[PDB]
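In: show me the folded form of this:
(chains A, B and C, ligands or ions: 13)
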Amino acid sequence: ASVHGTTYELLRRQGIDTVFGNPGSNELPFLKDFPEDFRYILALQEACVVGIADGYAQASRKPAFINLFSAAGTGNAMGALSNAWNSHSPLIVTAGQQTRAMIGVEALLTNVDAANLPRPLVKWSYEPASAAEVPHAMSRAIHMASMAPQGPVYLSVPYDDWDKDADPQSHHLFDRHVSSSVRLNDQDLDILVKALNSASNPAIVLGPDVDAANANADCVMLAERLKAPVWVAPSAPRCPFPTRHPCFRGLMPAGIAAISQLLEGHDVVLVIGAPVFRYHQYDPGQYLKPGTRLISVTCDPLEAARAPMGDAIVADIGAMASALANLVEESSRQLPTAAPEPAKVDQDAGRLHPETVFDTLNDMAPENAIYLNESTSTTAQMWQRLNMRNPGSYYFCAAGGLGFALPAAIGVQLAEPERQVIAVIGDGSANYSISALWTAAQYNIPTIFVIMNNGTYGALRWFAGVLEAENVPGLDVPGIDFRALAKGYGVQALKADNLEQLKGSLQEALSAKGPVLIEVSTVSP
Amino acid sequence: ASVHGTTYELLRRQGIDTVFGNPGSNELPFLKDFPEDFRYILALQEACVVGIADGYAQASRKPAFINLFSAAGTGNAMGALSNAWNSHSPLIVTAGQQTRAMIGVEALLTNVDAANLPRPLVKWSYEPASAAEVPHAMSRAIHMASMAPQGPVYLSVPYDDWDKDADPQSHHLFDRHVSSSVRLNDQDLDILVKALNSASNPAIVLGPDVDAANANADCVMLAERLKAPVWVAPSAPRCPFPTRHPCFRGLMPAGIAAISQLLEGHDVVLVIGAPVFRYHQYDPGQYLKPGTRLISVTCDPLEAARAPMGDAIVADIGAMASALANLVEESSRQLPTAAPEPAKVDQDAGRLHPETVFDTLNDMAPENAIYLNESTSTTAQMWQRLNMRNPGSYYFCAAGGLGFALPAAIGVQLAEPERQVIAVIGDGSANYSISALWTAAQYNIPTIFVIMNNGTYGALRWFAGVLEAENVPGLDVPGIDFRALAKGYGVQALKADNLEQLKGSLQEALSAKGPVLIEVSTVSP
Amino acid sequence: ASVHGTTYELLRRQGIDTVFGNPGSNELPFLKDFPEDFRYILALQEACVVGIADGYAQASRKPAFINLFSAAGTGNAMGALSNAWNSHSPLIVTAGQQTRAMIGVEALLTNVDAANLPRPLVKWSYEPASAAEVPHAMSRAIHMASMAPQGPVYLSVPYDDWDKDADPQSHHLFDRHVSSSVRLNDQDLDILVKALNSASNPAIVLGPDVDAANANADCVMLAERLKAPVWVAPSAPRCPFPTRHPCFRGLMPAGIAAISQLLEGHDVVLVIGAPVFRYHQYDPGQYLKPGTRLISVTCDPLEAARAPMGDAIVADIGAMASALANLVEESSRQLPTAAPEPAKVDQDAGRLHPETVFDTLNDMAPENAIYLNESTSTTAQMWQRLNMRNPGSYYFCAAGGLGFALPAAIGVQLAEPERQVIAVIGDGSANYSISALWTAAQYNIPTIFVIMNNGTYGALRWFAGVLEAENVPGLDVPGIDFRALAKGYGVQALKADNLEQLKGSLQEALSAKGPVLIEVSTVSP
Ligand SMILES: Cc1ncc(Cn2c(C)c(CCOP(=O)(O)OP(=O)(O)O)sc2=O)c(N)n1
Ligand SMILES: Cc1ncc(Cn2c(C)c(CCOP(=O)(O)OP(=O)(O)O)sc2=O)c(N)n1
Ligand SMILES: Cc1ncc(Cn2c(C)c(CCOP(=O)(O)OP(=O)(O)O)sc2=O)c(N)n1
Ligand SMILES: [Ca+2]
Ligand SMILES: [Ca+2]
Ligand SMILES: [Ca+2]
Ligand SMILES: [Mg+2]
Ligand SMILES: [Mg+2]
Ligand SMILES: [Mg+2]
Ligand SMILES: [Mg+2]
Ligand SMILES: [Mg+2]
Ligand SMILES: [Mg+2]
Ligand SMILES: [Mg+2]
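Out: Numbering: from 1, shown residues only, chains lettered A, B, ... in the order given. Ligands and ions are numbered 1, 2, ... in the order given. Now the structure:
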């Protein structure tokens, strides 16, 4: 067998059947004789390729395979990799290298010092020392991406390797099963359970690895047993809990002082599947107030190491959540009372308040909708206004890198064909990965894109205000016609200048057979 | 003085007055109180920011200053940095970092292991250990980018540094002059000159560092004195010689065997300002044929080290070209005869042959036009069909990374307001950095964009053919409306479905007061 | 509190009370006011510092703290770090950096790009962005070194940081408990146990992480229950099993073909706490023969990923070994029969055969002796001839880097004051870290050093023979007087030119009150 044949067999035996890519000459010898059981999803720029694959991986809860062109293609994708690192997305990034005979002279398209290029944003990065090593290196890539804590990996392959003879002993790679589905030993788990059972006023904080593990239902059981309020850890990339469950208390503010104040009076705070904590704004104060102890369960040693407070347990989130939910006592305390519904913001017959948009989406979207957020000034209101009952219902750029949601929404929709995906994206954010629209059109992936158009980088204007920073350039983005951009890439386009038009456009979009972009005129800050 | 004030003073004293950027929160404390003598050029995605700055730097022959957002912004720009590395573009890339107090906990927007992120695509990469060090670090960045061999550099700055007190001793940085304008010592230069004078059949090969140095006119004098044919080194990122000068022999094929065959019979081959050589296709054979010796003058030790043949001299291209041109004897050999004009390709009343497009551009464009190429299957014909008399008349992505020409054409046009810039870009290539169009519209930079629309990644289809590679996915890009994309970003749009319409559209574009995009229907391969 | 005070409090609260070091100016502000409850162990060169700390950490099964001088000191230790990486040794390596004000100018003693220096041999490498971050960074270092898979970490600290005010919120670091004591979930563990119970002819292979975890006794129980032969994985850095237990089958040959042949006929092979496998010699063949399946339990994702065959489980070795030993059925198969005693090699009244030396050590050493091996041509015989009943009884350089055993033997002896440490070191190997002898003398650490003097790099001569490699230089090391070297560093020295003298010297050494070096005249290969 050839390295080509052996590698595709390894991929299929390990459950991979889709290649997300933008092709180049170094990759043609890999892509030739493309297997009939695989599918190739083309995107027009590499940030889009990786964003689509990322959404697909996160929603499918399995690794996604990417093929990029040498250094330039890899480089174009590095902002996308920054998000993938923070979301623990299992991405296998392969890039084609020049033929071994032309690497030394640094021919055009040579990826120089290739393994260093994507660092520090990958778990593992490698170029094999010979063609026959390629399948083994691919095996390593698959498992490194997939083991807890999951994350992106990078493999560079000289294009002449594919046609070479494979090592017959590579067959031992095909069916390897590698598990990191582990939890705390019985003795220490019993100690943890007793601490939870004995708490007088416990609180629970959940992060994105709960949703990645599909541990959501177990966390609901845990919260109900402990009669504990549940918060989502700050800067949330996913939604780990039903947002109308009585225990739910919403998104934590991303500040040190704000969080310790929120947790004051809670004697034991159990954090599951989150960094402690992904703070954002400068908000100095106490990490915890006296009387509060924190216990963190994380899948990531790097998270456990850097927490400024609390104990930590490094283990699989799915296994730990299931064990805790089934071991803790049913507290006799009263179940927390559900948060009240948000207020209806006054809305005239003109430009839309973001609150109106979210209320209307919540009214009209199916109960199993999936939302993506890249409307940076409206996140708090989005979290308060969308009832998300099911797992896998929310995604937001985990490293704060814009250009995620538009392509990721396409990948999520590909992963979940029966769940309507609705991406709510600011006019500023929409541009970073605008060409991803073409992939939705070409493959008829019926994502709905809602563009919140207020003509400005609103979150930055707001921050400039808090800094009292005057004379900051580059904050306004006037003069973009999103319906024309959608037309450019073959996506049906609608406009909504007021509430009547928003409802009409959403009704049309929800009944459409393909992707739809709605440009919404929103109020300026 | 503050670090902010001192740093802007350093920048202005070192000749920097423009910031190319896409802003973020970590950069707001740098951008606040933006000096009234500086200008800020916003682009909507970071590949576009860096591409614009790159074109500006290359055309202006001076460093360009860039400001990006943390890791995600830097990452989005890394494909652009790959081109900049290969073109020796003097780019100062700054990125904002989290406040020092929040780096340890890895707050959102922390650029982790920041200096490693852009490696290996930068000459120098650094984060200062204290606020007061920032001006000195910026000084280092300026000089590292600017010294031969020029290239991109990276500086990460915690956002809280800007408001801190500067070291008064930083004033010594302001007026530092650093020179690498050096040439071979007299004794060894005399030896080189004698070898050139004694050659029976010399040839000259020129690369992009000749154009960067504005050594073009000196190379013309050198070629005339030696009565030598002149080739442009393969994979050419710039044009270093007047293309209708009698000595000009065109672009070298990017193959080992092809080049040694071309050089056969030439006893001394002098290469100036190029790698030896930027080969591309697999074309094995002899590096040089018996009877040919090669001497390379390069500004880059890395180039001198990796040449598989020949002697090398590492020195400034401007200084060396001037010295050689003025020292060599006037040979009594006959001056080479000019290459004949290219053939006129048969053209019916339908879709345009690329040859027709280039002939028409050559007919209608001003004699001081500047062209950018990102029409990958048509490069050879472009080189044969455009009369480029002046320096700085051609740019092509130096690392082969698409997404360069569209934004770079805007930067070049900003650098050269009196020279009409015409970017000839394939339909595939146009998408990588499509949002750059907005910057041309917003700042009214009157670049003309000619989109060669043949519906496919033509160069890849061609290569698949030579590989006899069947069943390669992802080679077709149907269904893009470039006039709608132009409308989306505020750029006047025209179509040309035939020659009559092409001439009409070019006439309109050449007389327009702003940027114009022409979508040309070209023949499919 | 100062950063100095806070950092020492953190160290003591996390169980650290010893600093292994070689001091320099950048470290004096850390070492001043050295706490009276800490001890400082000086060694004369940094390879020795790290080797001593490594032995101490491995034997104590807890992290060891190291303090080195800037780049040169760190660099001198990097061979030692290569061993520490392979042995999963929890080492906290700190190095002093120049004062922040002098880093920019690259004053003498500046550690440039410090965090990159020890890569790729550390789990985590870092320089803090401010003085107040130092305690948090130290906390991260402690936990990163200590979490599974354990390993070395690196922290660079500007010397001016120590006197600065600490953040009062650093107190939350002091008592953090971080656990990776995890095992496979119940459902999947039950599946594993059933596979073991159902095996017709199981085999067990154990690696160094078993001894590190003190899982030895649990593995004995497991082997007895399964009635399974037990091998030590190749290139063994530690001894994980009693070497005279009836199940013990010795050290596996470090070859692919040799191992698959050894395992032929075994239907299930359970590997615990080893890479699969640390092969060494070129010995191509099948990874496993038909009929053999392999299951690996490893603490290291990197090991699980790179195994060329078998299933893997990534978990804590102590927790897994205990669970398996207590869950498996008692097989009704016959317990394996003990290996026969090794043959007595003929020995005349002249130079010593290595076999004679090991037999004599086994005869005379206490039953709880600890051996270190750096006698590279005699390893197989050592493994056959020493009865090691207890855990922590054997160490060998895990990355094959010589210079480990001499200093490590001092660290082990410091960790285990009631167990006589005997280091058996070749004349070649003895030189790499010879100055470590001084530390044993100065602190009166009563290690016994047995120098096997055959005048040559015997293992290399042997390998040259198998390569049929003629005319290899540099294989002989005549003219070293080890008794004089011992005298040089203050260690009692004895010679043994024959068996009578060996017995006499060992008797004297075993009764001595301080360290002793015995130079043994061994047979030449
Ligand atoms: C790749 C990248 N570049 C720049 C930024 C910085 N950025 C700016 C550019 C965002 C403003 C987004 O504007 P929007 O129109 O999408 O939404 P709002 O008007 O609601 O803020 S928020 C802020 O994080 C970023 N996060 N990512
Ligand atoms: C960033 C990036 N991605 C992928 C490629 C590989 N690429 C492909 C995508 C190009 C085809 C360009 O298509 P085009 O429409 O712009 O021009 P032609 O049809 O004349 O080839 S040429 C080839 O180098 C690349 N060079 N750079
Ligand atoms: C730091 C280092 N340098 C060189 C070597 C290579 N080396 C050579 C130098 C060793 C020979 C050791 O000689 P010895 O006297 O200690 O023992 P033998 O005579 O029994 O081989 S074995 C072999 O691995 C090494 N392992 N480590
Ligand atoms: Ca906006
Ligand atoms: Ca095309
Ligand atoms: Ca020896
Ligand atoms: Mg990098
Ligand atoms: Mg247990
Ligand atoms: Mg699916
Ligand atoms: Mg001179
Ligand atoms: Mg100008
Ligand atoms: Mg369980
Ligand atoms: Mg002890």
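In: now for the closest residue to ligand 12 within the stretch 1-150 of chain A: which residues touch it?
Out: Of all residues in the stretch 1-150 of chain A, residue A:148 sits closest to ligand 12, at 14.9 Å by CB to the ion. Any C-beta I mention is one placed from the backbone N, CA and C, and that applies to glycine too. With contact taken as CB atoms under 8 Å, 6 or more residues apart in numbering or on different chains, residue A:148 is in contact with A:180, A:299-300, A:316-317, C:314.
In: would you mind giving the domain segments of chain A?
Out: Domain segmentation of chain A under curated CATH domains yields A:1-178, A:179-339, A:340-525.
In: circling back to that earlier point, of all the contacts of residue A:148, which comes closest to ligand 4?
Out: Distance to ligand 4, by CB to the ion, is smallest for residue A:300 among those, at 32.8 Å.
In: so how far is ligand 10 from the closest one?
Out: 60 Å (CB to the ion, to the nearest Å).
In: that residue against residue A:150, yeah?
Out: No. Taking contacts as CB atoms under 8 Å, residue A:300 lies outside contact range of residue A:150: 9.3 Å.
In: now the residue of chain A at minimum distance from ligand 10: closest residue in space that isn't a chain neighbour?
Out: Nearest to ligand 10 in chain A, going by CB to the ion, is residue A:106, at a distance of 31.8 Å. Leaving aside its sequence neighbours, residue A:106 sits nearest to residue B:306 (CB to CB, 6 or more residues apart in numbering or on different chains; 5.9 Å).
In: who are the contact partners of the one you found?
Out: Neighbour list for residue B:306: A:104-106, B:275 [criterion: CB under 8 Å, 6+ apart].
In: among those residues, which one has the most neighbours?
Out: Compared across those, residue B:275 has the highest neighbour count, 26 neighbours, by other CB atoms under 10 Å in any protein chain shown.
In: please report phi then psi for that one.
Out: phi -60, psi 160 (degrees, to the nearest 10).
In: same thing with the one 5 residues further on?
Out: For residue B:280, the backbone dihedrals are phi -140, psi -70 (criterion: degrees, to the nearest 10).
In: for whichever helix in chain A runs longest, packing partners?
Out: Determined from DSSP state H, the single longest helix within chain A is helix A:46-60. Counting contacts by 3 or more CB pairs under 8 Å, 6 or more residues apart in numbering or on different chains; DSSP states H and E, helix A:46-60 packs against strand A:18-21, strand A:64-69, helix A:70-76, helix A:78-86, strand A:91-97, helix A:405-415.
In: redo these as JSON lines? Include mean neighbour count and distance to residue A:165.
Out: JSON lines is the format used below for these (neighbours: other CB atoms under 10 Å in any protein chain shown; distance: least, CB to CB, whole Å):
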{"stretch": "strand A:18-21", "mean neighbour count": "26", "distance to residue A:165": "23"}
{"stretch": "strand A:64-69", "mean neighbour count": "28", "distance to residue A:165": "22"}
{"stretch": "helix A:70-76", "mean neighbour count": "31", "distance to residue A:165": "25"}
{"stretch": "helix A:78-86", "mean neighbour count": "30", "distance to residue A:165": "33"}
{"stretch": "strand A:91-97", "mean neighbour count": "28", "distance to residue A:165": "19"}
{"stretch": "helix A:405-415", "mean neighbour count": "30", "distance to residue A:165": "35"}
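In: for those, give me a markdown table that also has distance to residue A:46.
Out: Shown next, in a markdown table, are the helices and strands packed on helix A:46-60 (distance: least, CB to CB, whole Å):
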| stretch | distance to residue A:46 |
| --- | --- |
| strand A:18-21 | 9 |
| strand A:64-69 | 5 |
| helix A:70-76 | 4 |
| helix A:78-86 | 8 |
| strand A:91-97 | 10 |
| helix A:405-415 | 10 |
